[PDB]
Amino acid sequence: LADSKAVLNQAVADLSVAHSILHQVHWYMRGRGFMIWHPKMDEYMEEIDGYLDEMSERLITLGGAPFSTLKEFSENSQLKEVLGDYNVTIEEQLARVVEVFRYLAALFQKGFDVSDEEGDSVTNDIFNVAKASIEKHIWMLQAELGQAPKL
């Protein structure tokens, strides 16, 4: 992803798939902890939606063309989805969120570097704010799971 526009568009696809995964987690969750983690998936979705909309409209702003179909989202995203399954444990659900969040953090880091090289300081700030917040969530999720954040 050799420039700002490219990694912004990659983030548009990855964020769209992350949203979909978070929604599955929300829906298929069963086990002690549902009542706290089910609405928490709403908060994560709303935040993922905020990045999605901000990164897409930064891309538009720069002269680019955001991915904007489910097809383009699936094809371009590096995240893989699987069928919903009620028998997944809470720990496994939260671990899956952590993995998605680690991927997104690493994508925002790439986004940060690329935009830093090109002198696109606005795009740079957008990836940094998003990175900061995702990393904080990794700490909390990991701590729920009895672990160090291990960034």
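Numbers for residues come from their place in the sequence shown, where the first is 1.
Would you determine, from the values in the PDB entry, which of 113 to 121 and 91 to 99 has the greater average C-alpha temperature factor? Looking at the record's C-alpha B-factors, the answer is 113 to 121.
Mean Cα B-factor comparison, 58 to 66 or 78 to 86, giving the higher one as deposited: According to the entry, 78 to 86 carries the higher average C-alpha B-factor.
Third of the chain, ranked by Cα B-factor, where residue 151 sits: For residue 151, the deposited C-alpha B-factor lands in the highest third.
Could you place residue 46 in the lowest, middle or highest third of its chain by Cα temperature factor, using the values in the record? As the PDB entry reports it, the C-alpha B-factor of residue 46 lands in the middle third of its chain.
Sorting the chain's modelled residues by C-alpha B-factor, tell me whether residue 8 ends up in the lowest, middle or highest third. Middle third, going by the recorded CA B-factors of the chain.
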